[PDB]
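Working notes for the structure below.
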Amino acid sequence: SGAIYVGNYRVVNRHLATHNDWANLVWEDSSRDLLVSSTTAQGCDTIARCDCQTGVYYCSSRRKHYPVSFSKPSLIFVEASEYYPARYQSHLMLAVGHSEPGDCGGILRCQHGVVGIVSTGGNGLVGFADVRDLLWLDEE
Ligand SMILES: NC(=O)[C@@H]1CCC(=O)N([C@@H]2CCCc3ccccc32)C1
Ligand SMILES: [Zn+2]
């Protein structure tokens, strides 16, 4: 579990969105595993606007933050899980690292701010859903 809280937005994995998220929906994209809902309180996270390929992510299944090198956001084939059939996931970045399903939502960040959140994994790989291209998170 986990979310990004920026301005009056809450960014969560679409497969973990609550009824309150769907009832206050701003934007959702199944192919990216992302959903954004509106909040009453203002959040403290800042989104990175960069092309960094090194950062640090939070792994709840180890209670640890790990430094990682990660690939550029791309269209990657992800195997079937309990939440999605086997399909291509877009805007996904991979790194070598530990990840279990419940690790989804952990933040990946760099020197500029939040880059994305854990969305995929298994077998010593961890995949992050990028949010750096969602410029509208910084306004309205
Ligand atoms: N985004 C997707 O297509 C799904 C979302 C839910 C989900 O459990 N995953 C994978 C399954 C394999 C292990 C694993 C480890 C860590 C995190 C996520 C996963 C991918
Ligand atoms: Zn950066």
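The figures here come from the full heavy-atom set of this structure, side chains too, leaving out hydrogens, waters and symmetry mates. Numbers here simply count residues along the sequence, with the first being 1.
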Side-chain heavy atoms of [X] within contact of [Y], under 4.5 Å:
X: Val126; Y: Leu108; value: no
X: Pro73; Y: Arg132; value: yes
X: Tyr58; Y: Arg109; value: no

[X] [atom1] to [Y] [atom2] distance, which is reported to the nearest 0.5 Å:
X: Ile47; Y: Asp130; atom1: CD1; atom2: CG; answer: 10.0 Å
X: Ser81; Y: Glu79; atom1: OG; atom2: CD; answer: 10.0 Å
X: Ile117; Y: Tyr57; atom1: CD1; atom2: OH; answer: 14.5 Å
X: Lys64; Y: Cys59; atom1: NZ; atom2: SG; answer: 10.0 Å
X: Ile107; Y: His65; atom1: CD1; atom2: NE2; answer: 9.0 Å
X: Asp103; Y: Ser119; atom1: CG; atom2: OG; answer: 12.0 Å

Return the minimal non-hydrogen interatomic distance between [X] and [Y], and the atom names on each side.
X: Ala17; Y: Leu35; value: CB-CD1, 3.6 Å
X: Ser60; Y: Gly102; value: OG-O, 3.4 Å
X: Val56; Y: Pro67; value: CG2-CA, 4.0 Å

Kindly determine whether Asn8 and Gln42 satisfy side-chain contact (heavy atoms from CB on, under 4.5 Å), including the steps that lead there. CA-CA 5 Å; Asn8 288 268; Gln42 283 185 282; 3.6 Å; yes
Taken in chain and number order and not counting sequence neighbours, the residues that satisfy ring pair (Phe, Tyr, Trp, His ring centres under 6.0 Å) with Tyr88 are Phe77
Just by distance, no angles: are the side chains of [X] and [Y] close enough, under 3.5 Å, to form a donor-acceptor pair?
X: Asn20; Y: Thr18; value: no
X: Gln89; Y: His91; value: no
X: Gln53; Y: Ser71; value: no
X: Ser31; Y: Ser90; value: yes
X: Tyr83; Y: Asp33; value: no

Practice item. Test the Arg62-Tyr66 pair against the cation-pi criterion, namely NZ or CZ under 6.0 angstrom from the six-membered ring centroid and within 45° of the ring axis. Key: no
Please say yes or no: joined through hydrophobic side-chain contacts below 4.5 Å, possibly via intermediate residues, are [X] and [Y] part of one cluster?
X: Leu94; Y: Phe70; result: no
X: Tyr84; Y: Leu92; result: no
X: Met93; Y: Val118; result: yes
X: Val114; Y: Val68; result: no
X: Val11; Y: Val26; result: yes

*Can you label the angle between the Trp136 ring and the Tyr9 ring as parallel, tilted or perpendicular, going by 30° and 60°?*
perpendicular
**Asked** More than 12 foreign heavy atoms under 6.0 Å from CD of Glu100: is that the case here?
**Response** yes
Atom CD of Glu82: over 12 foreign heavy atoms under 6.0 Å: no
Steps toward side-chain contact (heavy atoms from CB on, under 4.5 Å) verdict (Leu25, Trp27):
CA-CA 6 Å; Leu25 184 64; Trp27 171 83; 5.9 Å; no
(message) Evaluate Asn24 against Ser37 for side-chain hydrogen bond (donor to acceptor under 3.5 Å, both in side chains), listing each step before the verdict.
(response) CA-CA 5 Å; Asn24 293 283; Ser37 60; over 6 Å; no
**Report entry** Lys/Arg-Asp/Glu bridge criterion (N-O < 4.0 Å) met for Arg49, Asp133
**Finding:** no
Does the distance from a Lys or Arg side-chain N to an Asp or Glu carboxylate O, for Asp21 and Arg10, drop under 4.0 Å? yes
Mark yes or no for whether [X], through its side chain, and [Y], through its backbone, hold a donor-acceptor pair below 3.5 Å.
X: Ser74; Y: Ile76; value: no
X: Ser99; Y: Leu125; value: yes
X: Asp45; Y: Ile4; value: no

Handout entry: Working for side-chain contact (heavy atoms from CB on, under 4.5 Å), residues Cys110 and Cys50
Key = CA-CA 9 Å; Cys110 63; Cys50 68; 3.7 Å; yes
Test side-chain contact (heavy atoms from CB on, under 4.5 Å) applied to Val115 and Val131, step by step: CA-CA 6 Å; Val115 174; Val131 301; over 6 Å; no
